[PDB]
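Asks: Sharing a structure with you now.
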Amino acid sequence: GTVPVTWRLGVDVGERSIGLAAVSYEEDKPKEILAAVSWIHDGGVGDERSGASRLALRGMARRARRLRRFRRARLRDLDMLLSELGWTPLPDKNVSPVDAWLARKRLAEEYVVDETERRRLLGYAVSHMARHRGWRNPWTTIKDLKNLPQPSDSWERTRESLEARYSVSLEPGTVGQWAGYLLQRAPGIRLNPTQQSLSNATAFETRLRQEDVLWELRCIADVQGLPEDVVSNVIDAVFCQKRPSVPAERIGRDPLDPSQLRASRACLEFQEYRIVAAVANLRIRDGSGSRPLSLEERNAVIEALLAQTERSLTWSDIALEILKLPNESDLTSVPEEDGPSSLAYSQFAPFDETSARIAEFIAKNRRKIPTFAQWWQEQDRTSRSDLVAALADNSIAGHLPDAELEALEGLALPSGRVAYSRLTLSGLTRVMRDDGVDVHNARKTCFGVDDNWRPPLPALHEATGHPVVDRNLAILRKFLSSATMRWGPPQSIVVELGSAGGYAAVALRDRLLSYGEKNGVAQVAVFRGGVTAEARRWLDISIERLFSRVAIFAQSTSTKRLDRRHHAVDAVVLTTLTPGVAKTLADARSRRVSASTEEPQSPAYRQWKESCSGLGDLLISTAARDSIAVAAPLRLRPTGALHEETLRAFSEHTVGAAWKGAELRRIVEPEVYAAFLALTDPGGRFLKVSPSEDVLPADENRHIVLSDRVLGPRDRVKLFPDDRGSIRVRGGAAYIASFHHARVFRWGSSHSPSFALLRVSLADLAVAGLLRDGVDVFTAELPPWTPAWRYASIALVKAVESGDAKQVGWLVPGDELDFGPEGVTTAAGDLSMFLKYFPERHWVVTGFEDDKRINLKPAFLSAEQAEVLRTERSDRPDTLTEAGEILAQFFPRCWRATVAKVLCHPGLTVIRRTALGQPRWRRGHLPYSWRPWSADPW
RNA sequence: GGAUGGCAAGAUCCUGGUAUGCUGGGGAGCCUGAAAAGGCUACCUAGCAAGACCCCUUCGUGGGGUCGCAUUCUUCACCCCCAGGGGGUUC
DNA sequence: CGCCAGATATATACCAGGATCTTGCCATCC
DNA sequence: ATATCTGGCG
C-alpha cells in the first residue's frame, strides 16, 4: 500500500513549533516537495502566566488532594488517641475565637490544680496545634525533631523585632502567648504574613518551625506535670508526618533484567562490580603483547582496591606498587571488544566508597556504634550487601538496633542510582571472577545476548517526561509513520534545533537512530544550532520574499520569525545537508562575522549547489500553490479543569417576587429551574428570555411544585451570583471552565441560512453526566438546565426549540478556517486596513467570546513577533513601518468575529489536517474537514 | 577529533509538608448608620475539583482504602508493539 | 439601549531532597 | 491568554 520513492526527512525543531518536510531526490537533486508543514504546538504549558507545564499543574493538584486526605487522616488518628486520653477538641460552631491560644498560654504560665478542668483546656490547645503544626524537613523523623534547638534562632529573632516596635517583652515567651496579646493592643494585626497583589503593621516575619512548636509542647508538659508514657505518645501523634519516598515506577529498569530495578550507587554489589569489571578488561604487555591478567595477579590487585579506605591507589601505583611491573605503561585497559586502549596513570583507581564511609563513621563514632562496630567487624559482605541495599531503601523508601540507628543518620552515604539492578551486578561479578572473562562477554554467559550488545536505545513510542520535547516528539513520529506509509523510508534525516533544547537533541536523535537501525536509514544528522538559516541565505532563499510579505521595522530587516511557515521551509532545505557540508557552511559563516570576506567554494559546497540549485524554484512553486501548511493539533480528550477554583456565595430570590430574564437563568436548583421554565412557556423545552427584562410578573402567590416538596410564595430559591455560566460544587457556586469545544447549529434556507454557536464547557459534560466511557462528547443532547443552554444565543435557542436548528458540525480551539480564494468578504473596520497589508485567508479558532462571536487569529503569523511589536511602539515610536502599527494594534485581541458574519461563507471550509499536513476529506474514524454552509446531519 | 577520572551548574518531574486564599459554619474587636444590618480588620472550625470505584460490613444507608486537571486526532473503527499497557491511521 | 474597544479577573507562594536528564569546566592517556 | 466586566459610543 506504499508508493516507494527516494526521499529525505527534514525537521526544524522550534520552541513552540516544529517544521517537517519530506523531499524526494532523483540522483542526485531534489525534484518534488512531497510534504512540508510546520505544526504549532503549545510547548506543554498549561498556565500561560508563570509558565508551569500541564503535568506540573496535575501533580500539584494531585499532591494537594493527598495532602488534604493525609491531613484529614492524621487529625482523626490524633482525635482517636486523645479520646481514651480524656481530652476535648474545639467544636466548630460556637466557641471563643481565642480559646486555643489562651489555653497554650495559661498552661505555660499558671499550674491549674483541678484535674478535670485541666483536661478540657488540654484538648482545645492540642487540636489547634495539630491544625497549625508548622514546617520541618520531611526527611527527618519525630525523634530528630526532638533533638533540635528548642526554640530556634529565627523565633528568638522574630520575638526581638516585636519587642523593639511595640515596646513589650513577654516571659518566657512561647508563640501561643505572643499571639493572644498582640491581637489586643493594636487590633487587626495579622500573625503570619501573606501577599495577594498596603497600609498596616504585621506581627511576624518568618514561618514557625515544628521545633519551636515542640518547644512549647514540652514546656507545658513540664509545668503541668505529665507522665512520660502519655506525653511521648501524644507528641509522636501530633507531629506524625508521613515519611517521603520515591515511587517504584520512577526507578529505571535494568536493561538486562527488566524485572528488577536499578540498584543504588552506595550498593556493595555495585562497588565490587565496578572494581571486578575494571580489572577483567586490563591487559599487560607480553611481547608483542598483549594478554589479560593472570588469575592470581587479578585477585591480588582486586583485594588491594577493596581494602583501601581512601582513593589513593592510582593506575600507576597498580602497575608498580602491587604487581611490581617494570614500567607504568606496561599495563593498559580496553573499553570495547578488542579495541583501542588508554589509561591515565595519574588518575585514581576505584575503591569501595560505601565500606570506607562505613569505616570512617565507625572510626569516628564508635561510642555511638559499639555493638555494630563489633558486629560489622566479622560480618561478611554477603550480608552487608543486603544490609546496604536496605540502607539505601531506608534513606529512601522503600536486624537493626533502634538505639544505634538514630546516630547512624550523621553518616553520608553515596546518593544516586546506577545503570544495573542488584542481582544483575551480583551475577555478573561472580562470572567475571570465576571464568576470567570480559564484562561484555559476562553478559553472554549470564543472559541470552549476542556479543557485544549496547543497551537498547529509547524508542519513538516512549515519552521523555519533558513537556517541550514530548510535544515535538509526538508530532514527529506521527509525521514519520504517515510518511513511511505514504512513501518509502527516507535516505537521510536532518534535524535543526533553535540551552533547554540540549536534552531534545540527544533524546530525539537517539530515538531516531533506533528508528533507522530498525527501518534501515543510512544517515542521521543533527545540528546545533544555526546551520539552516545560513543554508538559505547562501542560496538566495529569503522567506520574506518567498511569500510576498511587507517589512515591519523602520530599518529594513529579514522578517524570519514573522511567518510561521518558515519552520517547514527550513525543514525542506535541511534535506540537502550532510554533516560535513553543514559545518563547512557554518565555518564560513563565522569567517564573516569576525572580520575579508571573500566568497565560498569547496568540493563539498560546489557539489551541494549543483545538486541544490533547483530548490530556488521549487519553493516558489510550492508557495504559489499554497502547499506549505500551518497546523495545530486538536484537544479532544474531555479531561482538565472542570471549573474555576473560586468558590462563591449564592444569591437568594423569593418565589413570590418579580423575575427578570437574568434572574431566571441564575436559578440554581435544576428542578426549580424547570419549574420557572414552565412558568415562562408551558410547552417549551428551553428558556427563550432576554435578561434585563421582566418575563414573569410579581405574582404575590407564586408556587413551585417539585418531586421533593412544593415551595410557598414566601420560600426562597438560591441563585448563582452572576449571569454567567456556572455550576454548584460542594455547596458553592463556581464559574465554568473555558470552553472544551463548540457545537455548530444552523437553520433557515439552504441558500441563505443563519448559523450560531453553542459554547460547551467541561462543566457541562460533568453535570450532564456525559463523562462515562462510550460517550461522544460533541454530539449528545445537553439538558436545558446545563449552562451551555442557559447562555446560548437567544435566536439560537428559539430556532432549536422550533425543531429548525440541527447540529451540523463542531469546532474546537486550533482547527483551520480556509476561506478559499474567495477570502474574507465581510471585511469591515480595522480588519479592512489589516488585509491591505497582511492578505490572510487562513485563520485559527482561539476562543468563543460570547454566544454570538468567535475569536480568530491569523494562521500564518506568529504571536511572538507581533508582541515584540506592541512593546516597540510604546517605547520607541516612529520606528516601525505603517504595517507595523497595523499589526501592533491588531494582535492583542486579534479578531473578534460575529459567528453569523463568519459561517455565512459557502465558501469557507474548516480544515482538519493529517500528520503530513494534508486535509482529511474522507469521513473516516479520524476527524475530518467539512463545510459549515452545505454540511448536513446524518 | 575519540577514551577515562573528577568538578560545577542548570532542566524536568516526583514525594511529603507549611502558610495563605475562597466558600460554609462561627464570633474577638471596630466603623459607617436615629435605626434594622451590615462591612471592616482579624481569628476558630470544615472542605477545596465533579466524581468513579473498592475494601470491611457488625448491614452502620454507614466506617477506610485508593484513583480523579498528564500522555493535544474524545467515543466508535483497524494496523502495530511487549496480557495488560504503549503506538500509528496516508486524502 | 446595541455594539465596539479598552480594561479586568483568573488561587499563590514557599520548603528538603529523591528519580530522570543535559550542559559547562578541569585533567591525563591514545 | 481568555471570558468576563465596565464605560463610553453611536
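So you can find residues: chains in the C-alpha cells are A, B, ... in the order shown, residues in each start at 1, and ligands are numbered from 1 in order.
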Which parts of range 669-844 of chain A does DSSP call strand (DSSP E) when run on the backbone here, written out as a PyMOL selection string?
Replies: chain A and resi 694-696+716-719+726-729+732-735+739-748+753-761+806-811+816-818+842-844
Asks: Output N, CA and C atoms for every residue in that selection, as a compact mmCIF listing (two decimals), in the first residue's frame.
Replies:
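The file below, out_13.txt, is the result:
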# COMPACT_ATOMS: atom_id res chain seq x y z
N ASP A 694 -38.14 41.94 32.57
CA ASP A 694 -39.04 41.03 33.25
C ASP A 694 -39.73 40.12 32.24
N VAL A 695 -39.89 38.86 32.61
CA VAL A 695 -40.55 37.88 31.75
C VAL A 695 -41.62 37.16 32.56
N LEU A 696 -41.58 37.33 33.88
CA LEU A 696 -42.65 36.93 34.78
C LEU A 696 -42.99 38.08 35.71
N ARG A 716 -37.66 30.83 49.49
CA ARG A 716 -36.63 31.40 48.65
C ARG A 716 -35.94 30.31 47.83
N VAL A 717 -35.49 30.68 46.64
CA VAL A 717 -34.72 29.81 45.78
C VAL A 717 -33.33 30.41 45.64
N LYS A 718 -32.31 29.55 45.67
CA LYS A 718 -30.93 30.02 45.56
C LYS A 718 -30.58 30.28 44.10
N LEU A 719 -29.88 31.39 43.87
CA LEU A 719 -29.44 31.79 42.54
C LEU A 719 -27.93 31.96 42.50
N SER A 726 -22.35 28.93 35.21
CA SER A 726 -21.77 28.45 36.45
C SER A 726 -22.44 27.13 36.83
N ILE A 727 -21.85 26.43 37.80
CA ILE A 727 -22.44 25.25 38.42
C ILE A 727 -22.26 25.35 39.93
N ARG A 728 -22.73 24.32 40.64
CA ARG A 728 -22.58 24.21 42.09
C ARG A 728 -21.60 23.11 42.43
N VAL A 729 -20.61 23.43 43.26
CA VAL A 729 -19.65 22.45 43.78
C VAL A 729 -19.50 22.63 45.29
N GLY A 732 -21.21 25.49 46.92
CA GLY A 732 -20.84 26.81 46.45
C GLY A 732 -21.07 26.95 44.96
N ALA A 733 -20.99 28.19 44.49
CA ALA A 733 -21.06 28.49 43.06
C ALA A 733 -19.66 28.69 42.47
N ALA A 734 -19.44 28.10 41.30
CA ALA A 734 -18.17 28.18 40.58
C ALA A 734 -18.43 28.45 39.11
N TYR A 735 -17.73 29.44 38.54
CA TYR A 735 -17.82 29.69 37.11
C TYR A 735 -17.36 28.47 36.32
N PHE A 739 -14.14 26.90 27.38
CA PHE A 739 -15.00 26.01 26.60
C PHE A 739 -14.18 24.88 25.98
N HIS A 740 -14.58 23.63 26.27
CA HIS A 740 -13.90 22.47 25.69
C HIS A 740 -14.04 22.44 24.17
N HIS A 741 -15.22 22.76 23.66
CA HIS A 741 -15.42 22.81 22.22
C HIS A 741 -16.65 23.67 21.95
N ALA A 742 -17.13 23.65 20.71
CA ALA A 742 -18.35 24.33 20.36
C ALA A 742 -19.15 23.48 19.39
N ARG A 743 -20.47 23.51 19.53
CA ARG A 743 -21.37 22.83 18.61
C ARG A 743 -21.99 23.84 17.66
N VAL A 744 -21.94 23.54 16.37
CA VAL A 744 -22.34 24.46 15.32
C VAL A 744 -23.74 24.05 14.87
N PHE A 745 -24.73 24.89 15.18
CA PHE A 745 -26.10 24.66 14.75
C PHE A 745 -26.44 25.56 13.57
N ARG A 746 -27.38 25.13 12.74
CA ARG A 746 -27.86 26.07 11.74
C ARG A 746 -29.33 25.82 11.44
N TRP A 747 -29.94 26.81 10.80
CA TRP A 747 -31.34 26.77 10.45
C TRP A 747 -31.52 27.71 9.27
N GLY A 748 -32.73 27.78 8.77
CA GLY A 748 -33.02 28.67 7.67
C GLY A 748 -32.87 28.00 6.31
N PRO A 753 -28.77 30.72 4.95
CA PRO A 753 -29.09 30.30 6.32
C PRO A 753 -28.37 31.10 7.40
N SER A 754 -28.99 31.13 8.58
CA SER A 754 -28.41 31.74 9.77
C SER A 754 -27.76 30.67 10.64
N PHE A 755 -26.51 30.90 11.05
CA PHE A 755 -25.85 29.95 11.95
C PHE A 755 -25.57 30.62 13.29
N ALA A 756 -25.35 29.79 14.32
CA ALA A 756 -24.98 30.27 15.65
C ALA A 756 -24.29 29.14 16.40
N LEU A 757 -23.60 29.50 17.49
CA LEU A 757 -22.77 28.57 18.26
C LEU A 757 -23.35 28.28 19.64
N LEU A 758 -23.21 27.02 20.06
CA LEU A 758 -23.49 26.57 21.42
C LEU A 758 -22.16 26.25 22.10
N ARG A 759 -21.80 27.07 23.08
CA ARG A 759 -20.47 27.04 23.69
C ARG A 759 -20.44 26.03 24.83
N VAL A 760 -19.79 24.89 24.60
CA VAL A 760 -19.82 23.76 25.52
C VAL A 760 -18.56 23.78 26.38
N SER A 761 -18.72 23.64 27.69
CA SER A 761 -17.63 23.67 28.65
C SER A 761 -17.43 22.28 29.26
N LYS A 806 -30.38 22.35 13.76
CA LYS A 806 -29.86 20.99 13.87
C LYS A 806 -28.36 21.10 14.04
N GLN A 807 -27.77 20.14 14.75
CA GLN A 807 -26.32 20.16 14.87
C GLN A 807 -25.71 19.77 13.53
N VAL A 808 -24.87 20.66 13.01
CA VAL A 808 -24.30 20.48 11.69
C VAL A 808 -22.82 20.12 11.74
N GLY A 809 -22.08 20.64 12.71
CA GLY A 809 -20.70 20.28 12.91
C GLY A 809 -20.28 20.66 14.31
N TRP A 810 -18.97 20.54 14.57
CA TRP A 810 -18.39 21.09 15.79
C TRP A 810 -17.05 21.72 15.48
N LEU A 811 -16.77 22.83 16.15
CA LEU A 811 -15.46 23.48 16.10
C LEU A 811 -14.75 23.33 17.44
N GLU A 816 -8.62 24.93 11.52
CA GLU A 816 -8.29 25.91 10.50
C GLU A 816 -9.54 26.43 9.81
N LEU A 817 -9.54 27.72 9.48
CA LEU A 817 -10.60 28.30 8.66
C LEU A 817 -9.96 28.79 7.36
N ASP A 818 -10.15 28.04 6.28
CA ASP A 818 -9.71 28.43 4.95
C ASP A 818 -10.90 29.02 4.19
N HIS A 842 -6.27 32.24 5.94
CA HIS A 842 -6.35 31.12 6.87
C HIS A 842 -6.29 31.62 8.30
N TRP A 843 -7.29 31.24 9.09
CA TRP A 843 -7.46 31.73 10.45
C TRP A 843 -7.65 30.53 11.37
N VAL A 844 -7.40 30.73 12.66
CA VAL A 844 -7.48 29.67 13.66
C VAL A 844 -8.37 30.11 14.81
Asks: For range 4-10 of chain D, list every protein, DNA or RNA residue within 9 Å, evaluated using only C-alpha atoms (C1' of nucleotides), and leave out those in the same chain fewer than 4 positions away; present the list as a list in words.
Replies: residues 724 and 849 of chain A; 3, 4, 7, 8 and 9 of chain C
Asks: Give me a file of those residues, with C-alpha atoms (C1' of nucleotides), as a compact mmCIF listing (two decimals), in the first residue's frame.
Replies:
# COMPACT_ATOMS: atom_id res chain seq x y z
CA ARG A 724 -22.68 33.79 33.61
CA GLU A 849 -16.08 35.47 23.24
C1' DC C 3 -22.00 47.42 19.60
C1' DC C 4 -17.13 48.26 19.95
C1' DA C 7 -9.83 47.16 30.83
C1' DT C 8 -10.13 43.42 34.19
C1' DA C 9 -10.44 38.94 36.70
Asks: Tell me, as an MDAnalysis selection string, which residues lie within 9 Å of residue 46 in chain B, counting only C-alpha atoms (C1' of nucleotides); anything in the same chain fewer than 6 positions away does not count.
Replies: (chainID A and resid 92) or (chainID B and resid 24:25)
Asks: Can you work out which residues from chain D touch chain A at a cut-off of 8 Å (counting only C-alpha atoms (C1' of nucleotides)) and hand them back as an MDAnalysis selection string?
Replies: chainID D and resid 1:3
Asks: Write out, as a CSV table (one decimal), in the first residue's frame, the residues just selected, with C-alpha atoms (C1' of nucleotides).
Replies:
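Generated file (out.csv):
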chain,number,residue,atom,x,y,z
D,1,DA,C1',-4.2,34.5,27.4
D,2,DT,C1',-9.4,34.1,27.9
D,3,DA,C1',-14.2,35.2,29.3
Asks: Skipping near chain neighbours, those fewer than 3 positions away, what residues fall within 6 Å of residue 488 in chain A using only C-alpha atoms (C1' of nucleotides), listed as JSON, numbers by chain?
Replies: {"A": [4, 5, 484]}
Asks: Can you check which residues of chain B have any atom within 6 Å of chain A? Use only C-alpha atoms (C1' of nucleotides) and format it as number ranges by chain.
Replies: B: 5, 12, 15-16, 18, 22-23, 26, 28, 41-45, 69-70, 72, 74-75, 87, 90-91
Asks: What residues in chain C lie within 7 Å of chain A, counting only C-alpha atoms (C1' of nucleotides), written as a VMD selection string?
Replies: chain C and resid 11 16 18 to 19 21 to 22 28 to 30
Asks: From a DSSP pass on the backbone, collect the residues of range 712-874 of chain A flagged as alpha helix (DSSP H) and hand them back as a ChimeraX atom specification.
Replies: /A:762-767,787-790,794-801,830-837,863-874
Asks: Taking into account only C-alpha atoms (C1' of nucleotides), which residue in the set B:39, B:4, B:52, B:89 is nearest to residue 77 in chain B?
Replies: B:89
Asks: Using CA of residue 145 in chain A and CA of residue 82 in chain A as the two end points, give the distance in Å to one decimal.
Replies: 21.5 Å
Asks: Would you mind reading off the distance between CA of residue 118 in chain A and CA of residue 103 in chain A, one decimal, in Å?
Replies: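 One can read the CA of residue 118 in chain A to CA of residue 103 in chain A distance as 9.7 Å.
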